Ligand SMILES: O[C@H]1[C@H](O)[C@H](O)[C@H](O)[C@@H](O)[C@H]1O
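Quick setup: one chain, the form deposited without the ligand, written in structure tokens, and binding and motion questions come after.
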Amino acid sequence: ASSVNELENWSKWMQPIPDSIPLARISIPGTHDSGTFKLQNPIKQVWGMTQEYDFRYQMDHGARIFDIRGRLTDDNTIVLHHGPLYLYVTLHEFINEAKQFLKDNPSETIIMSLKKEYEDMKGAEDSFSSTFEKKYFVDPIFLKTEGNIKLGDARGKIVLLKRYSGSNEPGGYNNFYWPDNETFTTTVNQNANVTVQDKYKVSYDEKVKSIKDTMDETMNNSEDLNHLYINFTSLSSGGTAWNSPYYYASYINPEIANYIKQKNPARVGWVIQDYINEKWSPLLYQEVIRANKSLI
């Protein structure tokens, strides 16, 4: 499209963006551990809980990247897990919400990152990958193109970010290295690169500089269409004591929302965060979307 007023519509923010822009270049809000919104069992909450509203509230808030963690059960279906504990949500439940959302707003697209979160239930018939691919990915909302994905190709579809290994069906982003608790950079497809900052379990101080430091690298390398930058602003530590992702999220979100507002960057990469809501001060998701003002 052409006006800047069109990024202010959360439900349809990607409408003004040009069809030829690689998804890499776009600045996208994303949600960390998206399916933990039904955990209300207290101690589960202080540990597991990273969101408080549903996939649709999340989507009508501009989120276009979803951190999905699953586990294969006996019933031969994939469910959503937070480590060893079961969220009361399933993969089918995610996929349909993404479909009705995407049907009401065909201009958008959604990126689903799938990772096998826990070990397969004993009586499962097939492996995690073969199951997801034979019973779900075979659906056609799934974009099946590879390489450096442009936006034209994905409107209407679900783009897959593979965080599982033995895959046989082509589509979305190829699985890549992803080392534990760090900030790293690797190659995805022949044509792409990724810098990821995912230091969960680290101190507030170190957390806050890893984010900004990685944010600085992207604002600068802004015209590099062939380079994704993922920035998880989520920090996870010993809950039960206001050391919960909420407590940190109520600091890190406004903190960084502002960091982008003042710096007026052109690109901020993909910012996966906790507690997407409307309590916090400047709104991290709105600032991230707005930084796309430069592509319009």
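Position 1 is the first residue in the sequence shown; the rest follow in order.
If you average the Cα B factors in the entry, which is higher, 78-86 or 184-192? Between 78-86 and 184-192, it is 184-192 that shows the higher mean C-alpha B-factor.
Test of understanding: from the entry's C-alpha B-factors, which stretch has the higher mean, 215-223 or 127-135? Comparing 215-223 with 127-135, the higher mean C-alpha B-factor belongs to 215-223.
Would you mind checking which of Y229, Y259, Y248, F55 has the top Cα temperature factor in the PDB entry? Among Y229, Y259, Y248, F55, the PDB entry lists the largest C-alpha B-factor for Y248.
Would you mind checking which of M121, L114, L91, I110 has the top Cα temperature factor in the PDB entry? Of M121, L114, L91, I110, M121 has the highest C-alpha B-factor.
Rank-wise, by C-alpha B-factor, drop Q197 into the lowest, middle or highest third of its chain. Answer is lowest: the recorded C-alpha B-factor places it there.
Chain-wide C-alpha B factor ranking for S236, given as lowest, middle or highest third: CA B-factor rank for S236: highest third.
Split the chain's modelled residues into thirds by Cα B-factor; is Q273 in the lowest, middle or highest one? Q273: CA B-factor falls in the lowest third of its chain.
Among modelled residues of the same chain, the CA temperature factor third for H61: Middle third of the chain for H61's C-alpha B-factor.
Against its chain's modelled residues, does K103's Cα B factor rank lowest, middle or highest third? Highest third.
There is another form of the same protein, the form deposited with the ligand bound; it is not shown, and what comes next is about it.
Partner contact for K115 in the deposited complex: the ligand, 4.5 angstroms, heavy atom: Taking the distances in the deposited complex, the answer for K115 is yes, it comes within 4.5 Å of the ligand.
Counting only non-hydrogen atoms and a 4.5 angstroms cut-off, does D205 reach the ligand in the deposited complex? The answer is no: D205 has no heavy atom within 4.5 Å of the ligand.
Find out whether any non-hydrogen atom of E223 is located within 4.5 angstroms of the ligand in the deposited complex, and reply yes or no. It does not: once the ligand is placed as it appears in the deposited complex, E223 has no heavy atom within 4.5 Å of it.
Flag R69 as yes or no: does it have a non-hydrogen atom within 4.5 angstroms of any non-hydrogen atom of the ligand in the deposited complex? Judged by the heavy-atom cut-off of 4.5 Å, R69 is in contact with the ligand in the deposited complex.
Within 4.5 Å of the ligand in the deposited complex, heavy atoms considered, which of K157, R163, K212, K150? That would be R163.
Heavy atom within 4.5 Å of the ligand in the deposited complex: which of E217, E133, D198, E97? By the 4.5 Å criterion, the partner-contacting residue is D198.
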